[PDB]
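Input: a single structure, listed below in structure tokens.
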Amino acid sequence: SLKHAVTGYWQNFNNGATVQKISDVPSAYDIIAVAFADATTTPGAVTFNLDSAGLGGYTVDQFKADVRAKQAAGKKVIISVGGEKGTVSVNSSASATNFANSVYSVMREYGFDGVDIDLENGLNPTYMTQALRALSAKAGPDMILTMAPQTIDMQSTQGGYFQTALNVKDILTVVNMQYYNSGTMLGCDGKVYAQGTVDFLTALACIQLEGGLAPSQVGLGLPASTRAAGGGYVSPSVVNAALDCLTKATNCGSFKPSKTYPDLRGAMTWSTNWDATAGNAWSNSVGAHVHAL
């Protein structure tokens with residue numbers, strides 16, 4: 001459901017994972033984030049170009065139809081900006097306006113429900129907050145807005161992503177942090193935790209849950225398989241344990257949150273394509289668990 005949700009990234013490119021049409025994405029995914037919009041020569045602006053050639057000749061018309069069909073089935077499909085190789089910058093009023101204008105143009109052209117912020121080359125809260133309010137003014141209160149910070153971006157309420165998320169809390173759907181490709185990090189208790197453990201999930205999610213985000217605004221993002229990231233993969237049972245620990249105080253590791261957060265949004269994975277390469281094991285197990293919360 002949207003209320004307890006699984007977000008999955010669908011690749012607009014071929015990286016060796018299983019190539020998929022939008023219509024191939026498993027039913028477990030409630031929010032599908034299309035990865036990614038491209039930067040342009042205009043500061044802050046993006047565009048989307050379906051990789052028809054790299055995706056076995058998948059046409060714009062079929063992509064649009066597949067998006068509409070997902071929406072008829074109650075799913076949301078959003079455009080993700082950034083990615084590891086992204087070069088989008090939103091660091092001025094002009095680039096904030098160009099971002100809002102271009103993202104809304106892409107949304108209207110393809111029928112997307114909203115946007116995922118996945119800039120990995122910097123996040124300026126002064127200008128991204130302005131950009132997101134401009135975009136929200138165009139798209140209205142039903143717009144889906146997600147963010148996929150790296151762990152370094154949510155270590156305190158002072159992180160650029162964290163400050164932005166708080167500034168736009170009333171229009172924010174969920175922060176699906178990437179609990180992977182990460183060095184060691186502090187948890188909300190001030191102790192050092194390592195990726196690939198239940199405690200990294202719960203102790204770092206705690207910083208968000210205690211730092212002004214609603215439980216419905218916090219999602220656990222993981223790699224779908226060991227092929228999907230350089231580090232931080234965990235078995236689905238580990239993701240489900242972390243979800244249990246945060247929502248109902250069961251299956252915790254050494255780290256015990258002070259509270260329970262039953263409205264925790266759910267989970268996220270990079271990517272639906274790597275999930276498919278791995279037999280949909282991750283979405284089968286995590287999806288069933290999230291949709292049973």
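Residue names in the structure tokens use chain letters A, B, ... in the order shown, residue numbers from 1 in each chain, and ligand numbers from 1 in the order shown.
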
Excluding segment 96-100 of chain A and any residue of its chain fewer than 4 positions from it, enumerate the residues within 6 Å of it, using only C-alpha atoms, and give them as a list in words.
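My list of contacting residues is residues 44, 45, 90, 127, 131, 134 and 135 of chain A.
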
What lies within 9 Å of residue 177 of chain A using only C-alpha atoms, ignoring chain neighbours under 3 positions off, as a ChimeraX atom specification?
/A:147-151,153-154,180,205,218-222,268

Which residues come within 10 Å of residue 198 of chain A, counting only C-alpha atoms, excluding same-chain residues fewer than 6 positions away, as number ranges by chain?
A: 234-235, 237-243, 245, 251-255

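Looking only at segment 141-194 of chain A, the set that DSSP places in strand (DSSP E) from backbone geometry is residues 144, 145, 146, 147, 174, 175, 176, 177, 178, 185, 186, 192 and 193 of chain A.
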
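The closest residue to residue 289 of chain A, picked from A:236, A:62, A:9, A:248 and counting only C-alpha atoms, is A:236.
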
Can you tell me how far atom CA of residue 70 of chain A sits from atom CA of residue 281 of chain A, in Å to one decimal?
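The value is 21.2 Å.
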
Go through A:146, A:46, A:232, A:19 one by one, measure the shortest atom-to-atom distance of each to residue 86 of chain A using only C-alpha atoms, and give the residue with the smallest value.
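Going through A:146, A:46, A:232, A:19 one by one, the smallest distance to residue 86 of chain A is for A:46.
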
Quick one: distance from atom CA of residue 115 of chain A to atom CA of residue 10 of chain A in Å, one decimal?
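Answer for the atom CA of residue 115 of chain A to atom CA of residue 10 of chain A separation: 13.5 Å.
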
Please list as a list in words every residue within 8 Å of residue 164 of chain A, counting only C-alpha atoms and excluding residues in the same chain fewer than 5 positions away.
residues 125, 126, 128 and 129 of chain A

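Of the residues under consideration (A:2, A:15, A:215, A:61), A:15 shows the shortest atom-to-atom contact distance to residue 273 of chain A when counting only C-alpha atoms.
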
Might you pull out every residue within 10 Å of residue 82 of chain A, with only C-alpha atoms counted and same-chain residues fewer than 2 positions away left off, and present them as a list in words?
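My reading of the contact set: residues 35, 36, 37, 38, 39, 46, 79, 80, 84, 85, 86, 87, 88, 89, 116, 117, 118, 119, 120, 121 and 148 of chain A.
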